[PDB]
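Data first, discussion second: the structure below is written as structure tokens.
Quick reminder, even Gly has a Cβ in these numbers, built from the backbone with ideal geometry, and neighbours come from all protein chains shown. Read the figures in this text as sums done on the coordinates, not as results from a lab.
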There are 4 protein chains.
Amino acid sequence: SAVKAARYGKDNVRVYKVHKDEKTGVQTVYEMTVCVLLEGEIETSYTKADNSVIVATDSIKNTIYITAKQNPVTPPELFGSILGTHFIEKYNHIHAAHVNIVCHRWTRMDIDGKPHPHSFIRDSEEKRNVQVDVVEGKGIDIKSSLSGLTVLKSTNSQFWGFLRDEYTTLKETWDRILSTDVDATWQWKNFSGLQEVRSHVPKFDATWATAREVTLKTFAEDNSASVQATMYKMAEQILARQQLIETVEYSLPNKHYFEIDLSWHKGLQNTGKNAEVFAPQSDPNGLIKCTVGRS
Amino acid sequence: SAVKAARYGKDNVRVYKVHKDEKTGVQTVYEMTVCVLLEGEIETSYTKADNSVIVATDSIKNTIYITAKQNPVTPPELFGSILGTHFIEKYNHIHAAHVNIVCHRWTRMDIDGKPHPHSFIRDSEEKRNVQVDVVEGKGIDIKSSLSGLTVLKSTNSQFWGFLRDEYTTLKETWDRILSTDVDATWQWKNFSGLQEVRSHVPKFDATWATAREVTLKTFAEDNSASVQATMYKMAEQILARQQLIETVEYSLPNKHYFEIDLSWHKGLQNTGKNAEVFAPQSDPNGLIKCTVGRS
Amino acid sequence: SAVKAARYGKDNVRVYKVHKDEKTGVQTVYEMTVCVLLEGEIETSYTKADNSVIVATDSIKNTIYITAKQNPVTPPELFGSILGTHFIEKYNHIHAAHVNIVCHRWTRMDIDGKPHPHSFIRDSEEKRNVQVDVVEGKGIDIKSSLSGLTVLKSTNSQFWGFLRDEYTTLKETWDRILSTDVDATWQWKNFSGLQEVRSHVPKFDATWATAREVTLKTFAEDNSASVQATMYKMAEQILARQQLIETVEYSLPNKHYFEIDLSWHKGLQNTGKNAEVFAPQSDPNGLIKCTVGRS
Amino acid sequence: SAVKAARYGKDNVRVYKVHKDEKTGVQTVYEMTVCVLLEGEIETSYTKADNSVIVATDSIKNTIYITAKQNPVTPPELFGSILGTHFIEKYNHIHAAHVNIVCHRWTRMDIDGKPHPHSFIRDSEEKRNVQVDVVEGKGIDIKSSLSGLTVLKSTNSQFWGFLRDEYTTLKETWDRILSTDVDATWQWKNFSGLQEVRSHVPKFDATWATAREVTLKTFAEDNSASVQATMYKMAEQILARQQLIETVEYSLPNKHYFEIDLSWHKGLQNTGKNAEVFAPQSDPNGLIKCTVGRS
Ligand SMILES: O=c1[nH]c(=O)c2nn[nH]c2[nH]1
Ligand SMILES: O=c1[nH]c(=O)c2nn[nH]c2[nH]1
Ligand SMILES: O=c1[nH]c(=O)c2nn[nH]c2[nH]1
Ligand SMILES: O=c1[nH]c(=O)c2nn[nH]c2[nH]1
Ligand code: NA
Ligand code: NA
Ligand code: NA
Ligand code: NA
């Protein structure tokens, strides 16, 4: 037997950082969960019990805190690139670092119409994520994403004209509820190294904001022919607005809300045009994916 | 042996209702999870296998949907009171109904600064809840609550002057992070029945809004001497603003964020006045409760 | 306003303890999650920002570890009683301690038919719990429980003869699946103090074992007329076997498995006597409770 | 823009099947959660709103139930292969099916030392999984796995001789707790189609049993030099015992249990050789992966 692939490191490292403005007294907080996995010439730790090649995962944890102390943690694309680069440069035998960051929302509170200087609220479990792969001699690959964005529209979704055979019971519809949890990922063109990532720093927050805005607007305004057709419209627009993105991937559950026939009870009308009360279904769910690139 | 207490019913009944305005085209959605448990002269189902006294839990589920079809579902205090009253009036041998409702957020989307007519976003997992106990001959007891409201302040929290003995290692502090998930419950004076609940309908949404606003403002503005002292200030204000509340209960975790000493690494300064990077702790947590009433 | 009730302390304190037998080399591990909440003359911490009355929750955490170091941690009824008693005796102004312990399973591994001296497996998320309330001058109240015991029987459950009215759609059945997650609690007679708890130490593990065995056997062997009737049989037997128990409470979900009519597809027969494939329902669920005491 | 990749289908389809032995009266239950995603010539549903190419996800759900009705559901490798093959053969334009199955434990109850004919217990949240990829003209790729197997050993784990630099604070140790949740996957050689999968049916359950046994025995008996070294020993043995496996992948968290220094309290000794009480850490955790193949 032989080691075909190996990676190891520290997961679930929770980090908070506060920035305090000297002049204004305004404080800004960042909170993330970080995972760092390393690859390189480490096979002998597995095959020969040779720990001399292991950078302890506890040390990786220390490094994350030290790096956060000495560098900005925003945008997360930059922080992940700094962190991954550190490992490949510091350790001769480590040749790849894989950094995953989940950013948690701490939104500044408005009290009496004024933004508060040091108080924050978690408005939703929506996350902003990055995956940064730093590979020695191959540059820096970054995938940025948003996840946990849960939306619902109560009309202006349709689904008809699908294949019908002996396995089909679903009725065609011209008016249904559409609800989903949005997972959207945009993959950046490969960067040559940290200097190039630094050169594009303003584009990261701007592209996240664009991706979010395009997702919300398209969802709200499309008279949707299917999840497939609506998601494609979203991806098309993001690619058009940021030339440094190579691909956009969406993964969308279709969280079903079923009509409830109440006609057995005193002829009560609650289906089709009379539908007011629905039963949300926890499972099963549709799951629709697509990756869109440039032609 | 004897049955000392018994209750039974249906839990986790998910319900969605849409209201469609005829003139404006604006749609409004409500989504809740409902539990209904009944009590009454039902001992023989347990002791003698006599099912004749059982209103099937499946029928309770049907009743929830039918009731939602025929009545407003907002405010939840009213809907719960209608639902509980139904069971005690419909069935001679049922003498108490216990209705718990969790309301999920579907907040109307703003697209290009305009509120969208039929698109919604789940902004946070904060819930608005009610517990309604309808007891034949004893009226209607309602407890209203908000839960899952997660906040953090990065300064203006202190904790010093506590008891110090041979079990104590905690250092006094004049500047710490305070973060919590707010669970706040206000208990209404007993209502004589459904007519009286109807008479107070406008107070329910107003008091929820007040409780939320008082919680947020007090948290943000108090230079907190402890969780205990800040929570008491919140409860005091709610009681002052709504005379029909008898008690206010708060239950607050203290979600710790620990300083990280980095001085072992090149004398890096990250404690006290130099603290920038902290380690959020998943567990353990402080848990502080109090119930405040009128003197 | 006035403080009507207050309690505070530390939740989610994870504790592991190992016992090493000197002669045999056999090791035994215990892992628990502990919560301790205190009450007493502490109102002024809430109303006057007087921290002098607060035993810091961090100190409560230290005390749990110290107590576990110096005392057996099994049975949990004894450990909880020691822990609660400590607080009321050590601090003049603390008059009640409320201790909740969840015990996690670490079952010794069998390797090649022999029990291993120091290796363990988590066989299921079933827990053994205690709630111990130590109240100065009122002794020690203990509630013991098991929870998270998930079972299913595929036949020998019936449900017919229930009330049928205009809200009822459920069909009577003489053969259904019954599946539940068992939550069973037995409440001990009040103990005068720690000496009395010590005197009954062997009864705690024995009664837990009995409660578990009675639950499993009754579930498996009863030709169940309803969840109500089967649960009552369980409680009756536990009360008969342990005279120091005052009440037994069961709380049982009815986790539904629905038939799937496949007759639309080539007349395939999958209902009633031909039912083989079912759809487990995540929600809603029945919820049936009862408390049984001595007549 | 162009569709680069697309797949869609139904997730979280819960399925239960019962087998009833005619002669013996013994019943056996199976419960699984199934996901099926399809690929093929479906781009136009995304780009042109052409639903004619969509097999509705609701129909995929129906197909799963029908397939379970007409075929054995065990071993899951066979059921997944039947299910995936159905889609590529039935629909001309569907060219790949991806089937994921999670099998839930329902272990027959022993009552009074005898196996019960129709009563079952969920003994642990350990799962047995398969991933089956059926690709038209490329055969059937199967990855089998076990997950959620949680173990702990209280001694006979060491970790010393790792790299030490200015980022390192971890002390070397010759005696520590090792606890993990095992995720192990074995990848089968490609099969040409369903006939070949059928020919190997007995090997599937046998190899699962072997993988489980090797994991448990190696974990219990290895005087572990690191997670890396122990996991490699496991994988080596599985590959040696089943020639039809090409690779074995392990993914293991290192769930830390920290010593608690209690010496500040009356010189209490609880570290090194005197360590009895430990603090389990919820996060962060080490994460160690490796894929082992044939040389
Ligand atoms: O938008 C949808 N896409 C689909 O593929 C599908 N299948 N069933 N319902 C559906 N809705
Ligand atoms: O606000 C606090 N209240 C308390 O009771 C406490 N105990 N430790 N830290 C604390 N902080
Ligand atoms: O055992 C049962 N008890 C009940 O109260 C009930 N109601 N619906 N189905 C049921 N099954
Ligand atoms: O077994 C281990 N492997 C590692 O890579 C490691 N790093 N810190 N502790 C560790 N333990
Ligand atoms: Na390197
Ligand atoms: Na009544
Ligand atoms: Na006392
Ligand atoms: Na095909």
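Some points to look at:
- Assuming charge only on the beta carbon of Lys and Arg (+1) and of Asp and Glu (-1), the dipole of region D:75-204 about its Cα centre is about 320 debye to the nearest 20.
- Region B:1-47 shape via C-alpha gyration tensor axes, a/c threshold 1.5: prolate
- GNM flexibility winner over chain C from C:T180, C:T74, C:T44 (Cα, springs under 10 Å): C:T44
- Semi-axes of the equivalent ellipsoid for the protein assembly as shown, Cα gyration tensor, largest first, Å: 41, 41, 36
- Computed on region B:13-65, with alpha-carbon pairs under 8 angstrom and 6+ residues apart, the relative contact order is 27 percent.
- Cross-link pairs beyond the 29 Å C-alpha cut-off, checked among B:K61/B:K143; D:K48/D:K189; A:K273/B:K143; C:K255/D:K143; A:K171/D:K69; A:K61/B:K233: D:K48/D:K189; A:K273/B:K143; C:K255/D:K143; A:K61/B:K233
- Using a 7 Å Cα-to-Cβ projection, D:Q195 label spacings across copies, nm, ascending: 6.2, 8.3, 8.5
- Degrees separating the helix A:201-221 axis from the principal Cα axis of chain A, which is the longest one: 10 degrees
- Nearest 10 degrees, 0 to 90: helix B:227-241 Cα axis against chain B principal axis: 40 degrees
- Value in Å of the Kirkwood radius, where chain C supplies the Cα pairs that are averaged: 22.4 Å
- Kirkwood-based shape ratio for region B:158-295, expressed as Rg/Rh from alpha carbons: 1.12
- Mean sequence separation of contacting Cα pairs (under 8 Å, at least six apart), scaled by the length of region D:127-166, corresponds to a relative contact order of 34 percent.
- When shorter helices are ignored and each DSSP H run of at least 4 residues is given -39500 (n - 2.57), the per-residue value for chain D at 222 nm works out to -8000 deg cm²/dmol.
- Centre-to-centre, using Cα atoms only, region C:144-204 and region D:219-238 are separated by 43 Å.
- Panel order for D:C290, B:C103, by other beta carbons found within 10 Å of each beta carbon, from fewest to most: B:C103, D:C290.
- About the Cα centre, charge dipole magnitude for the protein assembly as shown (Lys/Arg +1, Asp/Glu -1 at Cβ), debye: 0 debye
- Put in line by how crowded their Cβ is, counting other Cβ atoms within 10 Å and starting with the fewest, D:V182, C:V26 read C:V26, D:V182.
- Remark: spin-label model distance D:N190-A:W160 equals 4.4 nm, labels positioned 7 Å along the Cα→Cβ axis.
- Most mobile of D:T169, D:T150, D:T247 in a GNM of chain D (Cα contacts under 10 Å): D:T169
- Part-to-part distance (alpha-carbon centres) for region D:35-65 and region A:240-295, which is given in Å: 14 Å
- Residue of D:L262, D:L252, D:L83 that the Gaussian network model of chain D assigns the largest fluctuation, springs spanning Cα pairs under 10 Å: D:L262
- Sequence of B:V292, C:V214 once ranked by neighbouring C-beta atoms within 10 Å, starting from the fewest: C:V214, B:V292
- Against the main long axis of the alpha-carbon atoms of chain C, helix C:57-70 sits at an angle near 90°.
- Whole-percent pair-distance distribution, where bins are 10 Å wide, for the alpha carbons of region D:46-150: 13, 34, 29, 16, 6, 2, 0
- Rounded if a/c under 1.5, otherwise prolate or oblate - region C:78-211, Cα gyration tensor axes: oblate
- Counting Cβ atoms of other protein chains within 10 Å of each Cβ in C:236-246 and taking the mean gives 1.
- Relative contact order (%) - criterion: Cα under 8 Å, at least six apart; region: chain D: 13 percent
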